[PDB]
């Protein structure tokens, strides 16, 4: 194992911090820590040999909860092994306030940059499913000086437009307040600009939760804007494969991700 410490930062409780020695913590205790933590908490997994780069993962969970294992802590060993500091974001549920994702991503990026400059030579964000909405929002609708340096998207939602969005997530995000005039201000795919960072995008063509055209058309619009892309659509595997071994393409897509990270 190449992960040393776990530092938990409570963004909405005076940035209160707790630190654990990972060599003394097993997976069952680790699960309890992330489950018991309040919303708006960052879990920072530090490396034995850090290379100065960090990723903030925004898990999926349909704006009901966060998938803190399969789209969270289960990636920690994989990232820290490469010297990449790995941060799982237990973000807040919006509960009808659609500006909560923007508020959470801006604060998470700001705090990570402030507390860990040594790990922010490159600071990227990762997002799975509706977590990819937070990830792509951070890459498009934040100011250039706040945007992350790279973005990793797993079966992301990239729009609130009817054509692409996940309707239960949109309803949880807006309550009854969604209207089509709000589409542009809340759709990252509509805000790709020259500052938008290089992207890694992966999904399965048989995804029955979120149309894989989310990732495909996001990548297509990035490419048209001359933003470098690494795009991988597998024919099968469904939504939410995360780190599961049951995904028949697990080794293939992780090998793609590892090669991509090395060439950043």
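Numbering follows the first chain given and starts at 1.
Looking only at CA atoms, which has the higher mean B factor in the entry: 152-160 or 190-198? It is 190-198.
Mean CA temperature factor from the deposited coordinates, higher in 224-232 or in 43-51? Between 224-232 and 43-51, it is 43-51 that shows the higher mean C-alpha B-factor.
Highest-ranked of 102, 71, 121, 77 once sorted by CA temperature factor in the record: Among 102, 71, 121, 77, the highest C-alpha B-factor in the entry belongs to 121.
Please place residue 90 in the lowest, middle or highest third of its chain according to the CA B-factor in the PDB entry. Lowest third.
Where the record places residue 261 (Cα B-factor, split into thirds across the chain): Its C-alpha B-factor, which the entry lists for residue 261, ranks in the middle third among residues of this chain.
Compared with the other modelled residues in the chain, in which third is the CA B-factor of residue 116? Answer is highest: the recorded C-alpha B-factor places it there.
Chain third (lowest, middle, highest) by recorded CA B-factor, residue given as residue 214: Ranked within chain, residue 214 CA B lands in the lowest tercile.
For residue 31, return the chain-relative third of its C-alpha B-factor as stated in the PDB record: lowest, middle or highest. Its C-alpha B-factor belongs to the highest third of this chain's values.
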